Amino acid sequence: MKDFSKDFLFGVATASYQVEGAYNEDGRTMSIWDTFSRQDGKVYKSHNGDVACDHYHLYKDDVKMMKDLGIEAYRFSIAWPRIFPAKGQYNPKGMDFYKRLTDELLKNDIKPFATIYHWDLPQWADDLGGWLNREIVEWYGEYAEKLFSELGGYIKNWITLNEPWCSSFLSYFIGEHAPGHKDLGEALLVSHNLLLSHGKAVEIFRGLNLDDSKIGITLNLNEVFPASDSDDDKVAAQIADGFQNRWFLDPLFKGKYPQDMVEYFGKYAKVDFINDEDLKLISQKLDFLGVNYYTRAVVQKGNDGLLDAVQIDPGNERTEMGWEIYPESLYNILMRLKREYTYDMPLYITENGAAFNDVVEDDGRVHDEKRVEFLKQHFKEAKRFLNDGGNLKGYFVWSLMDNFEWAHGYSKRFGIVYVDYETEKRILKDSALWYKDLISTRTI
């Protein structure tokens, strides 16, 4: 038979600011990431996404490249600053790009999966307070409603937000991502307004009753292991798990923030944004959950400070991000969702992949055998989850191509296709050739 059914979706994923370029063309105005990458010290070597992979101009070649690999589904994001470059000011020229992109996908038998928000908030919205201003729920709803109405005939699979943990905690508490604040109370409120905005889009979507169309959200999830069996490390792992995973899983799928984290965060910041009406909107039923999985964490108790767990190096192989290669946690997280949160609801892996030190050798090839083995190990866990009764509907490799990796700039390469940025040439890596064979044979 087939390890992966004919209906299982083998996909690849990108995001608008990471690949498109054309940052000032056809009416697009700045996003928070255009602004952030221009602030000294925020992004590696002051890299930015002015040009990136030039996918805005090269999309037809890129779709042909996906067709020739046999890609069945393509996850991309839609740039809010192209669609509403000013508050309340719709830009048809921006919408026209996503129509010609998705028309090209459909004509090449590739199913579009569209992420509505993948971090490129319009600068005009941030200047009005951004995700800290509860009015953003209405601005985001207007934006999502316009996408559903204009693109509903092109796109049948919608993702409201990508990785709200990054847009809240990494952007407003840790400060690594745009807009780069460092205040726990802000990050908590932002996390709530993100989830409420997701809820507004789901409410709008259900009211439109679009035929054969599905909506979900994408979360980056990990698995947290205590470094030892001590009570100290058990509490440390519980906090780390609540910080990364349960803070978003619980309001979405239980209609309640995790009470141990509410009490823990409440010692350090306000948690008064919580109320019944908002949690009802936040927890509306979804059609699927998208899982972004990369690695686990092994943690031991720190200094009893705020979120200060010591990161333990268990001595195993890692990527160029420093992330442990630990494929069993993909299976463990999918099973955890099946047993604790999503039950029989469809799951997609909406990102999994790895950054390695890729070089084009004298033969013109990129022999990225570490990425081949990485993807092989993780697709084997996906197969094991399926064979154990898990409802996995597809798997999107991060990424189709090397691109702008946020605060790391272009210094981390995640593609199965190599991009020579000087010429914008695409070179299939050995991982792409391996993936092409997996899709064709459906055997691993």
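Sequential numbering from 1, following the sequence displayed.
Undergrad: Looking only at CA atoms, which has the higher mean B factor in the entry: 311 to 319 or 162 to 170?
TA: The stretch with the larger mean CA B-factor is 311 to 319.
Undergrad: Compare the mean C-alpha B-factor of 263 to 271 with that of 123 to 131 as given in the PDB entry, and name the stretch with the higher value.
TA: The entry gives the higher C-alpha B-factor average to 263 to 271.
Undergrad: Name the one of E72, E328, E324, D232 with the greatest CA B-factor according to the PDB entry.
TA: Top of the list by C-alpha B-factor: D232.
Undergrad: Looking at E150, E351, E369, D287, which has the highest Cα B-factor in the entry?
TA: Among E150, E351, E369, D287, the PDB entry lists the largest C-alpha B-factor for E150.
Undergrad: What third of the chain, by the recorded C-alpha B-factor, contains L219?
TA: Its C-alpha B-factor belongs to the lowest third of this chain's values.
Undergrad: Divide the modelled residues of the chain into thirds by Cα B-factor and specify which third, lowest, middle or highest, holds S191.
TA: As the PDB entry reports it, the C-alpha B-factor of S191 lands in the middle third of its chain.
Undergrad: Going by the CA temperature factor in the PDB record, which third of the chain does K254 belong to: lowest, middle or highest?
TA: As the PDB entry reports it, the C-alpha B-factor of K254 lands in the lowest third of its chain.
Undergrad: Is the Cα B-factor recorded for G415 in the lowest, middle or highest third of its chain?
TA: Lowest third of the chain for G415's C-alpha B-factor.
Undergrad: Within this chain, which third does the Cα B-factor at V291 fall in: lowest, middle or highest?
TA: CA B-factor rank for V291: lowest third.
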